[PDB]
Amino acid sequence: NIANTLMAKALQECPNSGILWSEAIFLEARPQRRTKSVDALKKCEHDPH
RNA sequence: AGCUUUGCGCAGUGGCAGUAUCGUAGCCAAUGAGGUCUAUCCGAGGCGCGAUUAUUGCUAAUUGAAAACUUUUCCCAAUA
């Protein structure tokens with residue numbers, strides 16, 4: 794959970810981070826990995842990661 | 001100090017639509033209305049009833065009128 798809080802702080806302070814977003818996909822549980830974790834992410838950026 | 005964004009009225013000009021606009025002391029609703037897409041996603045009014053030339057006024061023609069018609073004791077047949 795603390796990892797999730799730190800990831801939320803990191804994304805808020807540093808958006809458009811390809812590696813951070815890619816890793817935040819796999820912090821989130823499987824039900825929420827697609828509908829919210831990767832859609833708005835692809836909206837944010839298109840990094841190779 | 002100019003410019004500029006949003007909301008709100010007040011006007012002015014112009015365009016489009018008339019199978020639609022409006023009403024709610026009726027009910028329900030961000031404590032979730034409503035869900036065919038894509039649903040660990042979408043997020044706002046809906047439902048019922050009522051009004052109507054499918055918003056409502058005036059303006060001006062026309063028609064219907066209205067004003068009138070003798071708006072007053074006739075006929076077939078009987079007798080003197």
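Under the deposited numbering, think of the first position of the first sequence as 794, with each following residue one higher. By construction, the Cβ of each residue, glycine as well, lies at the ideal position given by its N, Cα and C atoms.
How about residue i and residue j: do their beta carbons lie closer than 8 angstroms?
{"i": "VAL831", "j": "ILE812", "result": "no"}
{"i": "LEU820", "j": "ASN794", "result": "no"}
{"i": "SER815", "j": "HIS839", "result": "no"}
Around the C-beta of residue i, are 16 or more other C-beta atoms found within 10 angstroms, so that it is buried, or is it exposed?
{"i": "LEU799", "result": "exposed"}
Does the beta carbon of residue i fall short of 7 angstroms from some heavy atom of the ligand FMN?
{"i": "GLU838", "result": "The model depicted lacks the ligand FMN and carries no ligand whatsoever."}
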